[PDB]
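Engineer: Provided herewith is a single structure, encoded as structure tokens, for subsequent inquiry.
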Amino acid sequence: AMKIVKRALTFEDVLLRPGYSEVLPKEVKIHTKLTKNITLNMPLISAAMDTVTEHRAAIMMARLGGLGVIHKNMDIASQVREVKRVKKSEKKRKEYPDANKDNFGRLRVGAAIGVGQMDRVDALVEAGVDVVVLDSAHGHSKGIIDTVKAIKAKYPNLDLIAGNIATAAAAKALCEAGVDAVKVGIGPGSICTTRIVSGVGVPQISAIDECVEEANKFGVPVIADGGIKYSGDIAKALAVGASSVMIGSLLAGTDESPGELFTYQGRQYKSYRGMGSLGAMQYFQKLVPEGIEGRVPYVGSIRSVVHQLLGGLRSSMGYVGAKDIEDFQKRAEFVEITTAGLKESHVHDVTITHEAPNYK
Amino acid sequence: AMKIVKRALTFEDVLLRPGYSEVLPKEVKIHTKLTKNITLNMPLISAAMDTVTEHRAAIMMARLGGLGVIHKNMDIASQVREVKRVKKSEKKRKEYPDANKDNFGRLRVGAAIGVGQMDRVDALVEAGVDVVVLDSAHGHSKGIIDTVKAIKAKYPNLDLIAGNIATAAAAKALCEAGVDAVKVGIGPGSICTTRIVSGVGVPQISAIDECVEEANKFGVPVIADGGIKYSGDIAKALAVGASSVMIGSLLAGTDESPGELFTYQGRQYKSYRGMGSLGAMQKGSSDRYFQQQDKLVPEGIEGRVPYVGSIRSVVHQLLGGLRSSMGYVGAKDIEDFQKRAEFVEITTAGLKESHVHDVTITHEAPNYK
Amino acid sequence: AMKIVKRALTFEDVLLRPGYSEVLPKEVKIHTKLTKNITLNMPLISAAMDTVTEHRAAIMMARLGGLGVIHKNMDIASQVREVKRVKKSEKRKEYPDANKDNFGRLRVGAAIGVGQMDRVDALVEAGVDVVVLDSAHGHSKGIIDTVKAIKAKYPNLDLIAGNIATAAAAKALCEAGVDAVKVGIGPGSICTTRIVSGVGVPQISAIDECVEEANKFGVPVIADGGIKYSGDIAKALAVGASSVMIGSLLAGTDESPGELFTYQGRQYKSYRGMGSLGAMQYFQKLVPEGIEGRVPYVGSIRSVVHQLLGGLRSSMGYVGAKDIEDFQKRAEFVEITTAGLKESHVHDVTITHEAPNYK
Amino acid sequence: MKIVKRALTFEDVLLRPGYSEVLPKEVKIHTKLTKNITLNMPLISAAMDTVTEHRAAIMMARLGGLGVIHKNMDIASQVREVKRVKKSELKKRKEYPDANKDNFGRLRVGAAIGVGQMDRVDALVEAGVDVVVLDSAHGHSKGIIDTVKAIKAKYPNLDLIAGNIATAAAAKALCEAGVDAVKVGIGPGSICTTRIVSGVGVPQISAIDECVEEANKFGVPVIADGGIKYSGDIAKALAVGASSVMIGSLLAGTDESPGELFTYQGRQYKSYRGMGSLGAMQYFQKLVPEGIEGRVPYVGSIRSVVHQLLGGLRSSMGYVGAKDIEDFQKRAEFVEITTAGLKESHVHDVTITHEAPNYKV
Ligand SMILES: N/C=N\c1c(C(=O)O)ncn1[C@@H]1O[C@H](COP(=O)(O)O)[C@@H](O)[C@H]1O
Ligand SMILES: N/C=N\c1c(C(=O)O)ncn1[C@@H]1O[C@H](COP(=O)(O)O)[C@@H](O)[C@H]1O
Ligand SMILES: N/C=N\c1c(C(=O)O)ncn1[C@@H]1O[C@H](COP(=O)(O)O)[C@@H](O)[C@H]1O
Ligand SMILES: N/C=N\c1c(C(=O)O)ncn1[C@@H]1O[C@H](COP(=O)(O)O)[C@@H](O)[C@H]1O
Ligand SMILES: [Cl-]
Ligand SMILES: [Cl-]
Ligand SMILES: [Cl-]
Ligand SMILES: [Cl-]
Ligand SMILES: [Cl-]
Ligand SMILES: [Cl-]
Ligand SMILES: [Cl-]
Ligand SMILES: [Cl-]
Ligand SMILES: [Cl-]
Ligand SMILES: [Cl-]
Ligand SMILES: [K+]
Ligand SMILES: [K+]
Ligand SMILES: [K+]
Ligand SMILES: [K+]
Ligand SMILES: [K+]
């Protein structure tokens, strides 16, 4: 007989219950840990995708207190220049008071690498990257683990994120190899077809839950990567135990993402594509892709998007009565809902006529 | 691991079973308690929203036996005038025989307040408001509870509704603070985005059930607020234990609601918007507490509903559906309805079967869309 | 806490499992009981609706082995005339499964409401075979008192009573002496009872519960409403119903009352709830429990019935059942998911030809 | 009422990732068609008159799988199709290195028959057919069982597939009659209306699981037939224990399928219809059909489609850590998901602007 080990839930399946609150949303603290050694002033990371994060997006994310991860779909020299552009970026101290800086006052930045890319690691380390994001479609693999061990052997103090994973066994294996954070998410991304092409993945809320429980044993933070559609999803991912959230599609239509605006029938758009899409590909992986190429609406500045996102997170913590993220995770109580309950939660039986800044 | 405490249901998840019946829908009694000390002659309240209830909707809701709550997105002077217009409203006794009146034969009216607005309470009391509705996005908060206590210490005989809540613990805290009713609903409203932007909420049927079980220990009525789409939802909310129902979207397209009619492509509409939408908050009379750098993060949207005619015509269909439900259950009145009610949980397929299906509608029914 | 007594299923929630079969669809037998005393040669009844059944539809339903129930949305004189037109209709080699009474006349049913004893008298005098006591809520004092007064006056008049959806209701009607119960609160295509009133029971679970109770009295169950496809007929009978009442699938036929009309190059006929405004203009300005609509024109009743009964025969062959009783003894269901339902329908292909039994 | 189980199909479940030391390009995808016939990849083109005649069967065999010639033709014509495949086979050796060949280096081919068609069996055997596919709407029937026994009595070494079935009891009865594989699927096909017209069927993932557990007792492979819409479905069907997968709709719009292209509103299509549709019909079964007639987009060559399907299977096995199909089945662990989780799995909150070769909405 077939082994079903779990009925797995994702964001749309659950809601947080309200709790007794003595805190206002404006007063809660949203600092969190990116890795064992790197703190964020707010829990958002822009994805390592060639339509989301290069130096300009990374700079704004760091200025607002989070982080950008420079994607690796470029040569080593180019990715070094991108990292250097962020590090050398820093009126602003009054303007961006929550900026996420290293010990020398420089904006923090991350950069993506792949299996076996030690040459790329050497050059990113030399450029002053704060953290390396070892990215694979399948982080629970010999290639990833061997790469973790080689990097730690050469750079014992380099903070290392590794992913992506979706199981406790994967979290345990990466933590035992010495990673400083695990990135959780197999298939949930907006542009991702891994689950359809390969049949493989875990609904994101259950994946986070399972991996947090294992990673917590090692004191290792979890990055919840992909499938975030609304500010409420950020709140749910953090409440179940993730320490930070990686976001692609919500940031790809911003001014600061790479690529130019274009108009299609009166409305403005920006391209957004999977890094496993055919166009992006022009270790683990004619090509058989695991992502699509598409477009998202133009939404203005990263700052305006992040403001709405973090405001939804602050409202959530106020509803739960939480003074900060760890208290949020201690207090969090979830309810499983039905499709009808989801219909009820969205706007219904009313035709929207003005665009809400945080709801589409 | 993550703590899931229950699987929660809302209206479309459940149906009432029919029972043995000796009563006709036209004979059942639909009087109910608004608060510990205020009865209604029918169980409907119009929402405290600036596209639903000012004096004219409140007058009609009370004349038909229910209640309107004047919204608070206006200065104190204006809200006082709205309350006084309702109080001074009163052939009509033959015309509206179920009118909901105070001890002096005046139509009853409620008015919304926010946290820490004691000046507004003072002036509404002087204007003769029958009940104050202390509304917050999060009623289970120190600010709300401190306001309950300060109002009761100053006005021990003022009936007080406090909300919104969705848990038994919240109902217990408000009841222990001395409220006269609790209002239940976090997120279910037609225009509401709380559950999506914040991730927080409880499906409305389970929230009523859980809050009724707690509030009943204190003899405190529950107002089921938000998410009502059809008259059958009113029946389910009352059957599961709510004493009354607050309705926004279904009343927003009426003659009596504020705002003007407008035509959009051969059809008539009226605007309907959340009180936590941008457009509602941009007005400078919206003092906010829990919801309040620069730019606001809304919890609702701005939209339109079709024009539906008079409040009376809408209420007639709504109460007709409730009477039909009680007839199916065999219930002579609301309390009997709640004692007899038995539910079944249904699937999506069962929901599809319940609506109209496999037929193209060509005439518009007054109670189904 | 709220009393949820069960999680109730309807047709689309379940499938029949195939079983070992030594019978071909063309040789299974589909005779069944309408009442304790009236047999059918096939298990279909046309609904008592003023867009479905008057004499012409009832004649064709009886000729094909089933039954029509003349609706009651007419004065007593006209319903009498409609019953007589069926009774005096009579072809024998053309309709060899015709459902006839002891004198070789086509069987017919007629609907009545609470308290309509004058109507019952006249229908009895016209030779009606079975009276269908119809109410939105059959589990009521008014219905039960009408059952007892009819049986007191006409002890041998076969009587159907409904509609019900619970075992308690089935028990009460059987204890009053009905000859069949009609099950269905809300499932009808044109019905809004469940939306307007919040009341109803998903139809597969309602049949199952009522059949288990009615069987104790030897009383057949009529499964009324919600039938979309021939497979729904198979499920309803397999779960234990003795017969099936159908509205929307027969409203588009030549024989149903009403003119064909054309709307944008296609042909339609009206189909409306009997609790809709249009139809209404005991238990029930009016607050309706149904809508007024249209269904596509589908040709003759005979062509529709042929496809419906072919699906039933196919089902019984899949299960290995020689006849209806055997079908009900062999029947095993699986509950399926939404994905399983999607997989069951036609998927990932654009249909280019209209199938006679699927849309 | 007797509800035996809550039955799931493909979209209800996902495979969990596992620890992996193998790359998708290195896994092995050979499998058993029958007790006696091997495949070099697990795909079979369906026995449908819009999917498989000689040209599609040649390509399926050249790529390592199999084609089953449909039986909607007289015996002479089906013999012609079978020997056209058998006679199809130096630069081809380098071109098709995974070709599925018999003991004499000829491409393998299957052919479909119905109940009581012993004349047709005689002529297919004489034409050198490798395997006969006894196909019925209801394989768990006296007619099918008696036909199995009569074919084995006359041709003891003729490999015989029989179907379709969806229960463990049906798998047991066929295996006890001596079949060499069972074909599983009652109702899941893209064009099929069996479940709607008859009310009968089992969601395909549970049907495979149930039938594999029984057939494994007899060492008999299971062919998962119908309902495949994406390469991940192939992976799930195999991981739950099927030995091979039969595909119709995904191959009907190819160059090699019968029927020519036709343009409809600036796009190219091919016809695809159930073999129980009215058009295809014009033992078990005016006619009452169990299928529809429709069209599918034109997708180019079979080879291109198969390449994407097999790449999805390889990616799946790499995610699970499986070196081959048997190991894939030993390692496989599923989660049940919700419709929300299904929505999350597909592309969401992005409008697709370029068509992926292996994904369509
Ligand atoms: N392999 C599945 N997905 C891909 C693909 C692809 O397959 O082509 N390229 C990126 N990803 C993931 O998607 C996330 C963003 O997700 P989003 O915030 O837009 O929902 C990213 O952070 C990645 O973890
Ligand atoms: N925060 C969620 N909802 C809001 C919003 C908003 O979001 O901005 N403004 C009002 N509400 C609630 O909605 C009910 C009406 O609901 P309805 O009858 O239309 O279903 C009202 O009675 C309020 O309780
Ligand atoms: N009260 C709910 N429904 C009504 C209505 C109405 O609502 O106005 N008038 C008839 N009915 C029922 O519907 C069946 C047909 O169902 P169908 O075969 O079309 O699915 C009939 O046999 C009736 O039992
Ligand atoms: N009886 C249900 N279906 C039929 C029909 C029909 O009834 O008309 N003719 C073929 N089938 C099945 O469909 C599969 C293809 O399925 P697909 O790959 O397109 O999803 C075929 O391999 C058959 O097993
Ligand atoms: Cl730090
Ligand atoms: Cl700058
Ligand atoms: Cl490199
Ligand atoms: Cl800005
Ligand atoms: Cl104020
Ligand atoms: Cl008889
Ligand atoms: Cl669902
Ligand atoms: Cl071999
Ligand atoms: Cl032949
Ligand atoms: Cl090619
Ligand atoms: K809502
Ligand atoms: K209905
Ligand atoms: K006619
Ligand atoms: K199908
Ligand atoms: K996805």
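FYI, nothing fancy with the structure tokens labels: chains A, B, ... in order, residues from 1 per chain, ligands from 1 as they appear.
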Using only C-alpha atoms, determine which residues of chain B fall within 8 Å of chain C; present them as a PyMOL selection string.
Structural biologist: chain B and resi 15-22+24-25+209-210+213+230-233+235-236+240+317+320-325+327-328+341-347+349-350+353-368
Engineer: Now that the selection is made, can you save its residues with C-alpha atoms as a compact mmCIF listing (two decimals), in the first residue's frame?
Structural biologist:
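New file again-v1.txt:
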```txt
# COMPACT_ATOMS: atom_id res chain seq x y z
CA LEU B 15 -27.19 23.07 6.33
CA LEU B 16 -30.04 22.77 8.82
CA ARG B 17 -31.86 19.44 8.86
CA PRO B 18 -35.66 19.64 8.60
CA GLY B 19 -37.61 18.48 11.64
CA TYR B 20 -41.21 17.61 12.47
CA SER B 21 -43.28 20.78 12.23
CA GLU B 22 -46.71 21.91 13.43
CA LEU B 24 -46.48 27.68 9.70
CA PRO B 25 -43.76 30.16 8.65
CA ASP B 209 -20.79 28.84 18.00
CA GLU B 210 -17.69 29.25 20.17
CA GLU B 213 -21.18 29.00 24.24
CA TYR B 230 -28.54 35.14 1.65
CA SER B 231 -31.53 34.87 3.96
CA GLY B 232 -30.46 31.26 4.65
CA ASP B 233 -27.26 32.57 6.28
CA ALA B 235 -31.22 31.40 9.65
CA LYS B 236 -28.00 29.43 10.21
CA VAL B 240 -26.31 28.20 15.90
CA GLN B 317 -37.38 38.67 1.73
CA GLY B 320 -39.38 35.43 4.85
CA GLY B 321 -36.37 33.16 4.45
CA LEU B 322 -35.88 33.03 8.21
CA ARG B 323 -39.56 32.19 8.78
CA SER B 324 -39.39 29.47 6.13
CA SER B 325 -36.34 28.02 7.92
CA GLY B 327 -41.08 26.35 9.63
CA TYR B 328 -38.84 23.61 8.24
CA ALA B 341 -31.47 23.11 15.34
CA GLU B 342 -29.45 20.21 13.95
CA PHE B 343 -26.80 20.77 11.30
CA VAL B 344 -25.15 18.67 8.62
CA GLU B 345 -21.75 19.47 7.17
CA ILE B 346 -21.81 19.35 3.37
CA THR B 347 -19.20 19.24 0.64
CA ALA B 349 -20.60 19.20 -4.42
CA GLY B 350 -23.42 19.49 -1.89
CA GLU B 353 -26.37 21.03 -5.58
CA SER B 354 -27.92 23.55 -3.17
CA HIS B 355 -27.63 26.56 -5.47
CA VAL B 356 -29.38 26.72 -8.82
CA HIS B 357 -27.58 24.41 -11.25
CA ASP B 358 -27.88 23.10 -14.82
CA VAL B 359 -30.52 25.76 -15.62
CA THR B 360 -30.09 29.23 -17.12
CA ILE B 361 -31.97 31.80 -15.03
CA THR B 362 -34.07 34.21 -17.13
CA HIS B 363 -36.19 36.00 -14.50
CA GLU B 364 -34.64 37.60 -11.43
CA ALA B 365 -35.80 36.22 -8.10
CA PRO B 366 -36.26 38.77 -5.27
CA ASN B 367 -34.22 36.67 -2.81
CA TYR B 368 -31.63 34.86 -4.97
```
Engineer: Select from stretch 119-342 of chain B everything DSSP, run on the backbone, classes as helix (DSSP H, G or I), then give the selection as a PyMOL selection string.
Structural biologist: chain B and resi 119-126+142-154+168-176+194-198+204-218+231-239+249-252+278-282+311-329+334-340
Engineer: Next, the residues of the selection above should be written as a short mmCIF file (atom, residue, chain, number, x, y, z; two decimals), in the first residue's frame with C-alpha atoms.
Structural biologist:
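Writing done, so here's result03.cif:
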```cif
data_model
loop_
_atom_site.label_atom_id
_atom_site.label_comp_id
_atom_site.auth_asym_id
_atom_site.auth_seq_id
_atom_site.Cartn_x
_atom_site.Cartn_y
_atom_site.Cartn_z
CA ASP B 119 -16.66 62.87 24.69
CA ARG B 120 -18.58 61.20 21.86
CA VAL B 121 -20.29 58.83 24.34
CA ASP B 122 -21.27 61.82 26.51
CA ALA B 123 -23.01 63.57 23.63
CA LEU B 124 -24.75 60.45 22.29
CA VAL B 125 -26.13 59.70 25.76
CA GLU B 126 -27.41 63.29 26.05
CA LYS B 142 -6.89 46.26 26.68
CA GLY B 143 -8.03 49.47 24.99
CA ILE B 144 -11.52 48.12 24.34
CA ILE B 145 -11.81 46.55 27.79
CA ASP B 146 -10.60 49.75 29.49
CA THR B 147 -13.23 51.66 27.51
CA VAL B 148 -15.97 49.24 28.55
CA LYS B 149 -15.07 49.79 32.19
CA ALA B 150 -14.93 53.59 31.93
CA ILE B 151 -18.30 53.79 30.16
CA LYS B 152 -20.01 51.50 32.70
CA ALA B 153 -18.50 53.45 35.61
CA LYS B 154 -19.88 56.69 34.17
CA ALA B 168 -14.49 32.16 23.51
CA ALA B 169 -11.69 33.84 25.48
CA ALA B 170 -12.57 37.18 23.92
CA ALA B 171 -16.26 36.73 24.76
CA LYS B 172 -15.34 35.87 28.34
CA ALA B 173 -13.15 38.97 28.73
CA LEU B 174 -15.84 41.33 27.39
CA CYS B 175 -18.58 39.69 29.43
CA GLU B 176 -16.45 39.89 32.55
CA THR B 194 -8.47 41.50 7.34
CA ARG B 195 -8.01 37.77 6.86
CA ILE B 196 -5.94 38.32 3.71
CA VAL B 197 -3.75 41.21 4.77
CA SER B 198 -3.19 40.01 8.35
CA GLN B 204 -18.00 32.84 10.95
CA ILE B 205 -20.18 29.83 11.85
CA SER B 206 -17.54 28.37 14.18
CA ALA B 207 -16.83 31.82 15.63
CA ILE B 208 -20.50 32.34 16.52
CA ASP B 209 -20.79 28.84 18.00
CA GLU B 210 -17.69 29.25 20.17
CA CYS B 211 -18.62 32.76 21.33
CA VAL B 212 -22.27 31.90 22.02
CA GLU B 213 -21.18 29.00 24.24
CA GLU B 214 -19.10 31.38 26.37
CA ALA B 215 -21.40 34.43 26.36
CA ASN B 216 -24.42 32.28 27.31
CA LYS B 217 -22.73 31.62 30.67
CA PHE B 218 -23.18 35.35 31.34
CA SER B 231 -31.53 34.87 3.96
CA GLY B 232 -30.46 31.26 4.65
CA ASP B 233 -27.26 32.57 6.28
CA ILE B 234 -29.38 34.60 8.72
CA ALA B 235 -31.22 31.40 9.65
CA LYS B 236 -28.00 29.43 10.21
CA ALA B 237 -26.41 32.20 12.31
CA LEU B 238 -29.45 32.43 14.60
CA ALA B 239 -29.90 28.65 14.74
CA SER B 249 -23.66 44.58 1.83
CA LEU B 250 -27.29 43.44 1.49
CA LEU B 251 -28.53 46.82 2.73
CA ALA B 252 -26.00 49.08 0.99
CA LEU B 278 -8.59 53.93 2.05
CA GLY B 279 -11.54 56.07 0.96
CA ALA B 280 -13.23 55.67 4.34
CA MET B 281 -10.04 56.44 6.29
CA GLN B 282 -8.98 59.42 4.16
CA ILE B 311 -34.93 48.48 2.80
CA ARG B 312 -38.46 47.23 3.43
CA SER B 313 -38.45 45.03 0.33
CA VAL B 314 -35.04 43.58 1.22
CA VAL B 315 -35.97 42.93 4.86
CA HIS B 316 -39.23 41.30 3.79
CA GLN B 317 -37.38 38.67 1.73
CA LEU B 318 -34.76 38.18 4.46
CA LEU B 319 -37.33 37.62 7.20
CA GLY B 320 -39.38 35.43 4.85
CA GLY B 321 -36.37 33.16 4.45
CA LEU B 322 -35.88 33.03 8.21
CA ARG B 323 -39.56 32.19 8.78
CA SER B 324 -39.39 29.47 6.13
CA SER B 325 -36.34 28.02 7.92
CA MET B 326 -38.09 27.97 11.31
CA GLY B 327 -41.08 26.35 9.63
CA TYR B 328 -38.84 23.61 8.24
CA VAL B 329 -37.31 23.07 11.67
CA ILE B 334 -36.03 31.92 18.06
CA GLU B 335 -35.19 30.17 21.34
CA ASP B 336 -37.07 27.05 20.16
CA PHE B 337 -35.26 27.30 16.81
CA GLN B 338 -31.91 27.22 18.64
CA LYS B 339 -32.98 24.31 20.86
CA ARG B 340 -34.18 22.23 17.88
#
```
Engineer: Could you report the residues within 12 Å of ligand 17, using only C-alpha atoms and all ligand atoms, as a ChimeraX atom specification?
Structural biologist: /C:50-57,250-261,269-270,297,299-301
Engineer: Tell me the residues of chain D close to chain C, meaning within 7 Å using only C-alpha atoms, as a PyMOL selection string.
Structural biologist: chain D and resi 1-9+11-12+138+140-142+187-188+190-193+195-203+227+284+288+292-296
Engineer: I need the residues from that last selection saved to file as a compact mmCIF listing (two decimals), in the first residue's frame (with N, CA, C and O atoms), if you can.
Structural biologist:
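The resulting file, out_24.txt, is reproduced below:
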```txt
# COMPACT_ATOMS: atom_id res chain seq x y z
N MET D 1 -25.03 2.90 3.85
CA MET D 1 -24.42 2.61 2.55
C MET D 1 -22.97 2.17 2.71
O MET D 1 -22.28 2.59 3.64
N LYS D 2 -22.50 1.33 1.78
CA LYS D 2 -21.17 0.73 1.87
C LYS D 2 -20.19 1.60 1.09
O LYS D 2 -20.08 1.50 -0.14
N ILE D 3 -19.47 2.46 1.81
CA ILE D 3 -18.34 3.21 1.27
C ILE D 3 -17.07 2.47 1.67
O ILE D 3 -16.75 2.37 2.87
N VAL D 4 -16.35 1.96 0.68
CA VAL D 4 -15.19 1.11 0.95
C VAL D 4 -13.97 1.94 1.32
O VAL D 4 -13.17 1.54 2.17
N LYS D 5 -13.81 3.11 0.70
CA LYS D 5 -12.64 3.95 0.95
C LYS D 5 -12.92 5.37 0.48
O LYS D 5 -13.90 5.64 -0.22
N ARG D 6 -12.04 6.28 0.89
CA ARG D 6 -11.92 7.61 0.29
C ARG D 6 -10.79 7.55 -0.73
O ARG D 6 -9.62 7.46 -0.36
N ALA D 7 -11.14 7.63 -2.01
CA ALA D 7 -10.20 7.34 -3.08
C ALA D 7 -9.61 8.62 -3.66
O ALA D 7 -10.33 9.59 -3.90
N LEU D 8 -8.30 8.59 -3.91
CA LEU D 8 -7.55 9.75 -4.37
C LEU D 8 -7.10 9.57 -5.81
O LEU D 8 -6.91 8.45 -6.28
N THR D 9 -6.88 10.68 -6.51
CA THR D 9 -6.18 10.58 -7.77
C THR D 9 -4.95 11.51 -7.78
O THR D 9 -4.56 12.06 -6.74
N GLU D 11 -3.93 14.57 -8.66
CA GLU D 11 -3.85 15.92 -8.11
C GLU D 11 -4.02 15.96 -6.60
O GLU D 11 -3.76 17.01 -5.99
N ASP D 12 -4.43 14.85 -5.98
CA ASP D 12 -4.59 14.82 -4.53
C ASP D 12 -3.29 14.62 -3.77
O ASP D 12 -3.26 14.82 -2.55
N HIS D 138 -14.92 -3.24 -19.30
CA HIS D 138 -15.03 -3.91 -18.00
C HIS D 138 -14.22 -5.21 -18.04
O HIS D 138 -14.76 -6.26 -18.40
N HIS D 140 -13.14 -6.99 -15.60
CA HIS D 140 -13.52 -7.94 -14.55
C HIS D 140 -14.86 -8.58 -14.92
O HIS D 140 -15.89 -8.38 -14.28
N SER D 141 -14.84 -9.39 -15.99
CA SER D 141 -16.05 -9.99 -16.54
C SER D 141 -15.79 -11.41 -17.04
O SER D 141 -14.68 -11.76 -17.43
N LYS D 142 -16.85 -12.21 -17.02
CA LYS D 142 -16.75 -13.58 -17.52
C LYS D 142 -16.21 -13.61 -18.95
O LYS D 142 -15.37 -14.45 -19.28
N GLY D 187 -12.58 4.98 -16.11
CA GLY D 187 -13.09 6.33 -16.12
C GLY D 187 -12.15 7.54 -16.16
O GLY D 187 -12.62 8.66 -16.38
N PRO D 188 -10.83 7.39 -15.94
CA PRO D 188 -10.00 8.60 -15.79
C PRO D 188 -9.60 9.27 -17.10
O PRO D 188 -9.10 10.40 -17.05
N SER D 190 -9.03 11.36 -20.46
CA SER D 190 -9.40 12.72 -20.84
C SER D 190 -10.74 12.78 -21.58
O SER D 190 -11.57 13.66 -21.31
N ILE D 191 -10.95 11.87 -22.54
CA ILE D 191 -12.15 11.87 -23.38
C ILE D 191 -13.28 11.02 -22.81
O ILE D 191 -14.36 10.95 -23.42
N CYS D 192 -13.07 10.36 -21.68
CA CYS D 192 -13.95 9.31 -21.18
C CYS D 192 -15.07 9.88 -20.32
O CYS D 192 -14.85 10.76 -19.47
N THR D 193 -16.29 9.37 -20.53
CA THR D 193 -17.44 9.78 -19.72
C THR D 193 -18.02 8.62 -18.92
O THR D 193 -19.11 8.78 -18.35
N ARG D 195 -17.56 7.45 -15.97
CA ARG D 195 -17.97 7.74 -14.61
C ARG D 195 -19.24 8.59 -14.59
O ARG D 195 -20.09 8.42 -13.70
N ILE D 196 -19.41 9.47 -15.57
CA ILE D 196 -20.57 10.35 -15.57
C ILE D 196 -21.80 9.63 -16.10
O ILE D 196 -22.92 9.82 -15.59
N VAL D 197 -21.64 8.81 -17.13
CA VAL D 197 -22.82 8.20 -17.72
C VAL D 197 -23.28 7.00 -16.89
O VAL D 197 -24.49 6.72 -16.81
N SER D 198 -22.34 6.29 -16.24
CA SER D 198 -22.66 5.08 -15.50
C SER D 198 -22.55 5.23 -13.98
O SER D 198 -23.06 4.37 -13.26
N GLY D 199 -21.89 6.27 -13.48
CA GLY D 199 -21.69 6.38 -12.05
C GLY D 199 -20.60 5.48 -11.49
O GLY D 199 -20.43 5.42 -10.26
N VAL D 200 -19.82 4.81 -12.35
CA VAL D 200 -18.88 3.76 -11.96
C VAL D 200 -17.45 4.24 -12.20
O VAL D 200 -17.15 4.79 -13.27
N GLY D 201 -16.56 3.98 -11.25
CA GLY D 201 -15.14 4.20 -11.44
C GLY D 201 -14.42 4.33 -10.12
O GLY D 201 -15.03 4.43 -9.05
N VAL D 202 -13.08 4.32 -10.21
CA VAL D 202 -12.22 4.52 -9.05
C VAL D 202 -11.16 5.56 -9.40
O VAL D 202 -10.42 5.38 -10.38
N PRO D 203 -11.02 6.65 -8.61
CA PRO D 203 -9.93 7.60 -8.84
C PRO D 203 -8.59 6.89 -9.01
O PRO D 203 -8.29 5.91 -8.32
N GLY D 227 -5.82 9.37 -17.77
CA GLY D 227 -5.81 10.42 -16.75
C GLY D 227 -4.48 11.13 -16.59
O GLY D 227 -4.37 12.03 -15.74
N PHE D 284 -19.42 -5.75 -24.28
CA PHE D 284 -20.07 -5.15 -23.12
C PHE D 284 -21.03 -4.03 -23.52
O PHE D 284 -22.14 -3.93 -22.99
N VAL D 288 -25.57 4.35 -26.86
CA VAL D 288 -25.34 5.20 -25.69
C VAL D 288 -23.84 5.28 -25.46
O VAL D 288 -23.24 4.32 -24.96
N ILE D 292 -16.41 11.11 -25.80
CA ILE D 292 -16.74 12.27 -26.62
C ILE D 292 -15.75 12.35 -27.78
O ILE D 292 -14.70 11.70 -27.79
N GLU D 293 -16.10 13.19 -28.75
CA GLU D 293 -15.24 13.51 -29.88
C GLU D 293 -14.76 14.94 -29.74
O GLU D 293 -15.58 15.85 -29.55
N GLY D 294 -13.45 15.15 -29.82
CA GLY D 294 -12.92 16.49 -29.65
C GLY D 294 -11.63 16.75 -30.40
O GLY D 294 -11.30 16.05 -31.36
N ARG D 295 -10.88 17.76 -29.96
CA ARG D 295 -9.60 18.09 -30.59
C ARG D 295 -8.58 18.41 -29.51
O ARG D 295 -8.93 18.82 -28.40
N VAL D 296 -7.31 18.19 -29.85
CA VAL D 296 -6.18 18.58 -29.00
C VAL D 296 -5.26 19.48 -29.82
O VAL D 296 -5.24 19.37 -31.06
```
Engineer: Distance atom CA of residue D:243-atom CA of residue A:6, one decimal place?
Structural biologist: 24.9 Å
Engineer: Taking only C-alpha atoms into account and nothing else, which residues of chain A lie no more than 6 Å away from chain B? Please answer as a VMD selection string.
Structural biologist: chain A and resid 15 to 17 20 to 22 24 231 to 232 240 308 312 315 to 316 333 to 337 340 to 341 344 to 345 347 to 348 350 to 354
